[PDB]
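First the structure, in the form of structure tokens, and then the observations on it.
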Amino acid sequence: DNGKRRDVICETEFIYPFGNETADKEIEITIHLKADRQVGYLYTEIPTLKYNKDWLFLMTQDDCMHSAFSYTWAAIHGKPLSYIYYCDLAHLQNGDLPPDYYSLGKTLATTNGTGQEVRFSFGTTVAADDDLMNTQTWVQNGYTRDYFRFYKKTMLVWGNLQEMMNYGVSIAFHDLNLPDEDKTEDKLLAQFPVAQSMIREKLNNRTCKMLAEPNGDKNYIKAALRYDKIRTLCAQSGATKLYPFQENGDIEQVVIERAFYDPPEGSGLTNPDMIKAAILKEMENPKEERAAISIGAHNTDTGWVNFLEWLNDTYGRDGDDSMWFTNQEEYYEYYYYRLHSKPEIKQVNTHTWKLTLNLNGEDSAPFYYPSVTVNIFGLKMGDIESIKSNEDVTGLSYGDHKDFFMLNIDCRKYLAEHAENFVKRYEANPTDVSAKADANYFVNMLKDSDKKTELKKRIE
Ligand SMILES: [Zn+2]
């Protein structure tokens with residue numbers, strides 16, 4: 001019965017197997033040149049920003065907000081949106097949508113510089129030790145007497161967050177669930193692994209490695225720095241302002257500055273208005289002098305949806321494609337690779353070169369964004385007869401960029417299986433246009449292979 005009320009625990013049918021991700025990657029890419037395109041010398045680098053982007057936008061949404069799913073994630077990923085209501089995952093799965101629902105008609109993304117979509121990425125804080133994440137969702141297709149089931153919940157339900165993990169959304173600690181008088185440095189330190197155990201239980205054994213400082217409370221930073229699973233942190237004060245082209249040191253356990261860009265009281269402006277103004281001011285400088293635009297958000301809304309669309313239209317795929325819009329965890333990992341991984345290219349014979357690189361994360365937990373860009377100077381796409389790669393490479397896209405050649409290399413161990421899970425979801429929901437779009441998006445992340453060919457055929 002489609003019209004009967006059900007109260008369910010939101011659940012998604014697969015979650016990327018974060019616990020199984022391999023910590024160490026060994027990249028070997030073999031480049032075979034055309035006969036009359038023998039080159040004498042090639043050399044390589046990992047550029048400052050992934051995809052050879054010019055500038056960095058970081059976004060972390062605090063307070064484990066329902067709108068992180070219903071507004072932020074939904075707008076990026078081409079999902080149904082509302083102007084005043086808050087869908088849960090089960091509403092989307094069942095087609096029980098609020099009475100004002102609409103869609104932007106596109107996802108919000110940059111490209112990777114080699115012809116593929118890269119949807120905007122962000123992080124959300126998680127109230128993992130708070131039982132309110134276990135709240136049920138009321139689903140009732142066709143019920144119009146009221147819309148209470150679409151009201152804002154106090155925080156995300158676990159199923160919403162689980163699904164967001166499938167799209168690369170990151171996670172951070174924030175407030176911990178202790179009495180206020182027990183929020184001492186020592187007691188917060190003991191509670192971090194308790195919250196971590198719940199994160200791992202619910203998010204397929206993903207380990208959280210980030211703290212977003214809550215309430216300006218420096219006890220959280222002091223405690224977090226004694227908990228070695230946390231590798232990156234953000235705060236509005238007591239932090240380091242990130243200049244991506246200038247930062248030269250280790251950022252392990254460093255507090256990166258973030259700002260909320262609150263508008264002056266009664267000025268009629270919104271946080272997105274303030275962030276837009278800050279972006280425009282920053283873009284007047286040469287890229288090497290620019291600070292990262294490192295933002296926090298609380299509740300997101302229609303104004304935020306329109307702002308994300310403006311970013312897409314101005315600096316993303318429908319604009320100048322100059323921005324890397326990501327979460328702080330993915331950036332932290334990329335910076336780590338750039339500092340510690342050393343790509344090398346060696347000539348094998350007159351017409352064959354081999355590019356090698358290791359991606360090794362930190363000893364605490366496996367890094368979850370093992371993808372990099374490598375530039376090759378002295379090579380052009382037109383020189384190349386074929387490119388082959390070893391098993392650790394699961395995604396591989398490449399092409400010319402300015403006067404050199406770039407490769408986007410993804411080493412997520414279970415990427416092909418993840419794409420196939422999106423294909424199976426589409427096959428089970430073949431009339432859902434967004435499901436088909438997601439399947440195509442994830443399949444296009446894969447390197448050329450028999451599996452990619454099989455999955456493409458299934459989603460024709
Ligand atoms: Zn907060």
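Letters A, B, ... mark the chains of the structure tokens in the order given; residue numbers begin at 1 per chain; ligand numbers begin at 1, in order shown.
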
Using the chain letters and numbers from this document, which residues of stretch 9-38 of chain A does DSSP assign to strand (DSSP E or B), as a compact mmCIF listing (two decimals) with N, CA, C and O atoms, in the first residue's frame?
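As written to disk, result02.txt reads:
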```txt
# COMPACT_ATOMS: atom_id res chain seq x y z
N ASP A 24 48.34 2.23 1.16
CA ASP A 24 49.49 2.47 0.29
C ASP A 24 49.13 2.17 -1.15
O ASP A 24 48.53 1.13 -1.44
N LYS A 25 49.47 3.09 -2.05
CA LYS A 25 49.22 2.94 -3.48
C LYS A 25 50.54 3.03 -4.22
O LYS A 25 51.36 3.91 -3.92
N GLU A 26 50.73 2.17 -5.20
CA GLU A 26 51.91 2.22 -6.07
C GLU A 26 51.41 2.42 -7.49
O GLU A 26 50.88 1.48 -8.09
N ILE A 27 51.57 3.64 -8.02
CA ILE A 27 51.11 4.01 -9.36
C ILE A 27 52.21 3.71 -10.36
O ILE A 27 53.36 4.13 -10.18
N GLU A 28 51.86 3.00 -11.43
CA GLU A 28 52.76 2.78 -12.56
C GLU A 28 51.95 3.01 -13.83
O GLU A 28 51.01 2.27 -14.11
N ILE A 29 52.30 4.06 -14.57
CA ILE A 29 51.59 4.42 -15.79
C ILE A 29 52.60 4.37 -16.93
O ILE A 29 53.64 5.02 -16.88
N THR A 30 52.30 3.56 -17.94
CA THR A 30 53.19 3.38 -19.07
C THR A 30 52.64 4.15 -20.26
O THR A 30 51.47 3.99 -20.63
N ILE A 31 53.49 4.98 -20.85
CA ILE A 31 53.11 5.88 -21.94
C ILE A 31 53.90 5.47 -23.17
O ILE A 31 55.14 5.50 -23.16
N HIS A 32 53.19 5.06 -24.21
CA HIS A 32 53.79 4.66 -25.48
C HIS A 32 53.58 5.77 -26.49
O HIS A 32 52.44 6.22 -26.68
N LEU A 33 54.66 6.20 -27.13
CA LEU A 33 54.63 7.33 -28.05
C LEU A 33 54.54 6.86 -29.50
O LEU A 33 55.06 5.80 -29.87
```

* Nearby residues, ligand 1, 10 Å, only C-alpha atoms and all ligand atoms, as a ChimeraX atom specification -> /A:61-65,125,174-175,212-217,296-298

Can I get the selected residues back with N, CA, C and O atoms, as a JSON list (two decimals), in the first residue's frame?
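The resulting file, result_26.json, is reproduced below:
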```json
[["chain", "number", "residue", "atom", "x", "y", "z"],
["A", 61, "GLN", "N", 30.17, 22.35, 6.92],
["A", 61, "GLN", "CA", 28.88, 22.74, 7.49],
["A", 61, "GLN", "C", 28.75, 22.16, 8.89],
["A", 61, "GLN", "O", 28.86, 20.95, 9.08],
["A", 62, "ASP", "N", 28.51, 23.03, 9.87],
["A", 62, "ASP", "CA", 28.56, 22.65, 11.27],
["A", 62, "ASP", "C", 27.18, 22.24, 11.77],
["A", 62, "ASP", "O", 26.16, 22.42, 11.11],
["A", 63, "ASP", "N", 27.18, 21.67, 12.98],
["A", 63, "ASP", "CA", 25.98, 21.35, 13.76],
["A", 63, "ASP", "C", 25.18, 20.18, 13.21],
["A", 63, "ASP", "O", 24.01, 20.02, 13.55],
["A", 64, "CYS", "N", 25.77, 19.36, 12.36],
["A", 64, "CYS", "CA", 25.12, 18.14, 11.87],
["A", 64, "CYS", "C", 23.70, 18.43, 11.37],
["A", 64, "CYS", "O", 22.72, 17.81, 11.78],
["A", 65, "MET", "N", 23.60, 19.43, 10.50],
["A", 65, "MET", "CA", 22.31, 20.00, 10.15],
["A", 65, "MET", "C", 21.56, 19.18, 9.12],
["A", 65, "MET", "O", 22.14, 18.71, 8.13],
["A", 125, "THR", "N", 29.83, 18.31, 9.97],
["A", 125, "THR", "CA", 30.08, 17.75, 11.29],
["A", 125, "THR", "C", 29.04, 16.68, 11.59],
["A", 125, "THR", "O", 27.98, 16.60, 10.95],
["A", 174, "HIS", "N", 32.57, 17.78, 16.14],
["A", 174, "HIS", "CA", 32.16, 19.11, 16.58],
["A", 174, "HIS", "C", 31.82, 18.95, 18.06],
["A", 174, "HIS", "O", 32.59, 18.33, 18.80],
["A", 175, "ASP", "N", 30.66, 19.43, 18.51],
["A", 175, "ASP", "CA", 30.28, 19.20, 19.90],
["A", 175, "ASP", "C", 30.24, 17.71, 20.20],
["A", 175, "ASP", "O", 29.81, 16.91, 19.37],
["A", 212, "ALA", "N", 36.09, 20.29, 13.66],
["A", 212, "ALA", "CA", 35.65, 21.67, 13.48],
["A", 212, "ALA", "C", 35.36, 22.21, 14.88],
["A", 212, "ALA", "O", 34.48, 21.70, 15.57],
["A", 213, "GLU", "N", 36.13, 23.19, 15.32],
["A", 213, "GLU", "CA", 35.97, 23.68, 16.69],
["A", 213, "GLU", "C", 34.55, 24.20, 16.92],
["A", 213, "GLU", "O", 34.05, 25.00, 16.12],
["A", 214, "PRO", "N", 33.87, 23.77, 17.99],
["A", 214, "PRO", "CA", 32.55, 24.34, 18.30],
["A", 214, "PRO", "C", 32.62, 25.48, 19.31],
["A", 214, "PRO", "O", 33.44, 25.45, 20.23],
["A", 215, "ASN", "N", 31.74, 26.47, 19.15],
["A", 215, "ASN", "CA", 31.45, 27.47, 20.18],
["A", 215, "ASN", "C", 32.65, 28.33, 20.55],
["A", 215, "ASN", "O", 32.67, 28.94, 21.62],
["A", 216, "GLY", "N", 33.67, 28.37, 19.69],
["A", 216, "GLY", "CA", 34.91, 29.04, 20.07],
["A", 216, "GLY", "C", 35.60, 28.41, 21.26],
["A", 216, "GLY", "O", 36.41, 29.07, 21.93],
["A", 217, "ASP", "N", 35.31, 27.14, 21.54],
["A", 217, "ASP", "CA", 35.76, 26.47, 22.76],
["A", 217, "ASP", "C", 37.10, 25.80, 22.50],
["A", 217, "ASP", "O", 37.17, 24.71, 21.93],
["A", 296, "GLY", "N", 32.81, 28.23, 6.80],
["A", 296, "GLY", "CA", 31.87, 27.42, 7.55],
["A", 296, "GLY", "C", 30.46, 27.83, 7.19],
["A", 296, "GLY", "O", 30.23, 28.93, 6.69],
["A", 297, "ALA", "N", 29.50, 26.93, 7.40],
["A", 297, "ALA", "CA", 28.09, 27.22, 7.23],
["A", 297, "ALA", "C", 27.33, 26.56, 8.36],
["A", 297, "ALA", "O", 27.77, 25.55, 8.92],
["A", 298, "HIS", "N", 26.19, 27.15, 8.72],
["A", 298, "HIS", "CA", 25.28, 26.54, 9.67],
["A", 298, "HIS", "C", 24.09, 25.98, 8.90],
["A", 298, "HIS", "O", 24.27, 25.04, 8.12]]
```

What's around residue A:299 at 12 Å? Count only C-alpha atoms, leave out sequence neighbours fewer than 3 positions away in its own chain, and write the answer as a PDB file with C-alpha atoms, in the first residue's frame.
```
ATOM      1  CA  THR A  60      32.476  22.611   6.247  1.00  0.00           C
ATOM      2  CA  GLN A  61      28.882  22.742   7.485  1.00  0.00           C
ATOM      3  CA  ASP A  62      28.558  22.645  11.272  1.00  0.00           C
ATOM      4  CA  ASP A  63      25.980  21.354  13.763  1.00  0.00           C
ATOM      5  CA  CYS A  64      25.115  18.140  11.870  1.00  0.00           C
ATOM      6  CA  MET A  65      22.306  20.000  10.149  1.00  0.00           C
ATOM      7  CA  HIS A  66      19.375  18.460   8.332  1.00  0.00           C
ATOM      8  CA  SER A  67      19.972  21.041   5.588  1.00  0.00           C
ATOM      9  CA  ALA A  68      23.433  19.574   4.895  1.00  0.00           C
ATOM     10  CA  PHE A  69      21.438  16.794   3.224  1.00  0.00           C
ATOM     11  CA  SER A  70      18.232  18.513   2.084  1.00  0.00           C
ATOM     12  CA  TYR A  71      19.820  21.720   0.728  1.00  0.00           C
ATOM     13  CA  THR A  72      23.610  21.434   0.337  1.00  0.00           C
ATOM     14  CA  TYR A  86      13.561  19.225   4.523  1.00  0.00           C
ATOM     15  CA  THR A 124      29.583  18.067   7.571  1.00  0.00           C
ATOM     16  CA  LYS A 152      13.399  20.393   9.918  1.00  0.00           C
ATOM     17  CA  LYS A 153      14.792  17.790  12.291  1.00  0.00           C
ATOM     18  CA  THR A 154      17.244  18.773  15.037  1.00  0.00           C
ATOM     19  CA  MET A 155      20.079  17.048  13.151  1.00  0.00           C
ATOM     20  CA  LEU A 156      20.820  14.624  10.325  1.00  0.00           C
ATOM     21  CA  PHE A 260      31.463  32.178   8.580  1.00  0.00           C
ATOM     22  CA  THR A 270      23.122  37.108   3.990  1.00  0.00           C
ATOM     23  CA  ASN A 271      26.171  34.948   4.639  1.00  0.00           C
ATOM     24  CA  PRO A 272      26.292  34.028   0.919  1.00  0.00           C
ATOM     25  CA  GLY A 296      31.870  27.424   7.548  1.00  0.00           C
ATOM     26  CA  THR A 302      17.497  28.661  -0.806  1.00  0.00           C
ATOM     27  CA  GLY A 303      19.971  31.530  -0.723  1.00  0.00           C
ATOM     28  CA  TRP A 304      22.776  29.000  -0.266  1.00  0.00           C
ATOM     29  CA  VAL A 305      21.416  26.886  -3.124  1.00  0.00           C
TER      30      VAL A 305
END
```

- Hey, what's within 10 Å of residue A:417 if we count only C-alpha atoms and toss same-chain stuff fewer than 3 positions away? As a PyMOL selection string, please? chain A and resi 16-17+413-414+420-423+443+451

Could you write out the selected residues, including N, CA, C and O atoms, as a PDB file, in the first residue's frame?
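The new file part-v9.pdb reads:
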```pdb
ATOM      1  N   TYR A  16      30.248   2.975   0.462  1.00  0.00           N
ATOM      2  CA  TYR A  16      31.619   2.670   0.071  1.00  0.00           C
ATOM      3  C   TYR A  16      32.352   2.004   1.237  1.00  0.00           C
ATOM      4  O   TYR A  16      32.184   2.422   2.394  1.00  0.00           O
ATOM      5  N   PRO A  17      33.163   0.969   0.981  1.00  0.00           N
ATOM      6  CA  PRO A  17      33.828   0.231   2.076  1.00  0.00           C
ATOM      7  C   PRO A  17      35.084   0.939   2.569  1.00  0.00           C
ATOM      8  O   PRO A  17      36.223   0.488   2.364  1.00  0.00           O
ATOM      9  N   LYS A 413      40.383   2.072  -4.027  1.00  0.00           N
ATOM     10  CA  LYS A 413      40.538   0.655  -4.328  1.00  0.00           C
ATOM     11  C   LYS A 413      39.238   0.041  -4.820  1.00  0.00           C
ATOM     12  O   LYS A 413      39.268  -0.897  -5.620  1.00  0.00           O
ATOM     13  N   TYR A 414      38.095   0.543  -4.356  1.00  0.00           N
ATOM     14  CA  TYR A 414      36.806  -0.083  -4.641  1.00  0.00           C
ATOM     15  C   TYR A 414      35.933   0.797  -5.528  1.00  0.00           C
ATOM     16  O   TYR A 414      34.703   0.685  -5.523  1.00  0.00           O
ATOM     17  N   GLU A 420      29.553   0.290  -9.970  1.00  0.00           N
ATOM     18  CA  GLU A 420      28.590  -0.763 -10.268  1.00  0.00           C
ATOM     19  C   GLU A 420      27.402  -0.719  -9.313  1.00  0.00           C
ATOM     20  O   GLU A 420      26.272  -1.026  -9.720  1.00  0.00           O
ATOM     21  N   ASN A 421      27.623  -0.343  -8.051  1.00  0.00           N
ATOM     22  CA  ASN A 421      26.498  -0.197  -7.131  1.00  0.00           C
ATOM     23  C   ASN A 421      25.544   0.897  -7.598  1.00  0.00           C
ATOM     24  O   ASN A 421      24.321   0.745  -7.496  1.00  0.00           O
ATOM     25  N   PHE A 422      26.078   2.005  -8.128  1.00  0.00           N
ATOM     26  CA  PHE A 422      25.203   3.034  -8.685  1.00  0.00           C
ATOM     27  C   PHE A 422      24.475   2.534  -9.927  1.00  0.00           C
ATOM     28  O   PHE A 422      23.318   2.898 -10.158  1.00  0.00           O
ATOM     29  N   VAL A 423      25.138   1.709 -10.745  1.00  0.00           N
ATOM     30  CA  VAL A 423      24.468   1.103 -11.894  1.00  0.00           C
ATOM     31  C   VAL A 423      23.323   0.210 -11.429  1.00  0.00           C
ATOM     32  O   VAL A 423      22.219   0.252 -11.987  1.00  0.00           O
ATOM     33  N   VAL A 443      30.449   5.883 -13.348  1.00  0.00           N
ATOM     34  CA  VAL A 443      31.104   5.054 -14.362  1.00  0.00           C
ATOM     35  C   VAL A 443      32.173   5.856 -15.108  1.00  0.00           C
ATOM     36  O   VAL A 443      33.246   5.335 -15.445  1.00  0.00           O
ATOM     37  N   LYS A 451      35.386  -3.803 -17.365  1.00  0.00           N
ATOM     38  CA  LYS A 451      34.323  -3.463 -16.426  1.00  0.00           C
ATOM     39  C   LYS A 451      33.652  -2.149 -16.805  1.00  0.00           C
ATOM     40  O   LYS A 451      32.420  -2.045 -16.782  1.00  0.00           O
TER      41      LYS A 451
END
```

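Residues with any atom within 8 Å of residue A:395, counting only C-alpha atoms and excluding same-chain neighbours fewer than 4 positions away, are residues 408, 409, 410, 411, 412, 415, 445, 446 and 447 of chain A.
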
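With only C-alpha atoms as the basis for measurement, A:210 is the residue among A:84, A:210, A:295, A:280 that approaches residue A:254 most closely.
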
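Taking atom CA of residue A:267 and atom CA of residue A:310 as endpoints, the distance between them is 21.7 Å.
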
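Using only C-alpha atoms, the residues found no farther than 10 Å from residue A:435, other than those of its own chain fewer than 5 positions away, are residues 78, 79, 422, 423, 424, 425, 426, 427, 428, 429, 430, 440 and 441 of chain A.
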
Kindly export the residues of the current selection with N, CA and C atoms, as a short mmCIF file (atom, residue, chain, number, x, y, z; two decimals), in the first residue's frame.
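Generated output (again20.cif):
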```cif
data_model
loop_
_atom_site.label_atom_id
_atom_site.label_comp_id
_atom_site.auth_asym_id
_atom_site.auth_seq_id
_atom_site.Cartn_x
_atom_site.Cartn_y
_atom_site.Cartn_z
N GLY A 78 21.94 17.27 -7.95
CA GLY A 78 20.84 17.22 -8.90
C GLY A 78 19.61 16.53 -8.37
N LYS A 79 19.37 16.62 -7.07
CA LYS A 79 18.28 15.93 -6.40
C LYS A 79 17.11 16.88 -6.20
N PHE A 422 26.08 2.01 -8.13
CA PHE A 422 25.20 3.03 -8.68
C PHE A 422 24.47 2.53 -9.93
N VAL A 423 25.14 1.71 -10.74
CA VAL A 423 24.47 1.10 -11.89
C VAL A 423 23.32 0.21 -11.43
N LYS A 424 23.56 -0.62 -10.41
CA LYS A 424 22.51 -1.50 -9.92
C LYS A 424 21.34 -0.71 -9.36
N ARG A 425 21.62 0.41 -8.70
CA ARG A 425 20.54 1.25 -8.21
C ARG A 425 19.71 1.79 -9.37
N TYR A 426 20.37 2.23 -10.43
CA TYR A 426 19.65 2.67 -11.62
C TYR A 426 18.83 1.53 -12.22
N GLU A 427 19.41 0.33 -12.31
CA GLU A 427 18.68 -0.80 -12.89
C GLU A 427 17.43 -1.14 -12.08
N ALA A 428 17.48 -0.93 -10.76
CA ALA A 428 16.33 -1.17 -9.89
C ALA A 428 15.34 -0.01 -9.91
N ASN A 429 15.74 1.15 -10.42
CA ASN A 429 14.90 2.35 -10.47
C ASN A 429 15.06 3.00 -11.83
N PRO A 430 14.72 2.28 -12.91
CA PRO A 430 15.13 2.72 -14.24
C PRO A 430 14.41 3.96 -14.74
N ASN A 440 25.99 7.25 -14.63
CA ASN A 440 26.92 7.71 -15.65
C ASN A 440 28.10 8.48 -15.04
N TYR A 441 27.83 9.31 -14.03
CA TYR A 441 28.87 10.10 -13.39
C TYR A 441 29.93 9.20 -12.74
#
```

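Compared by their closest atoms to residue A:123, and using only C-alpha atoms, the residues A:349, A:328, A:360, A:191 rank with A:328 nearest.
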
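One finds atom CA of residue A:238 at 7.8 Å from atom CA of residue A:257.
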
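Using only C-alpha atoms, the shortest contact distance between residue A:315 and any of A:458, A:218, A:388, A:276 is found at A:276.
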
query: If we count only C-alpha atoms, what is near residue A:219 at a cut-off of 8 Å, once residues fewer than 3 positions away on the same chain are taken out, given as a ChimeraX atom specification?
result: /A:183-185,188,222-223
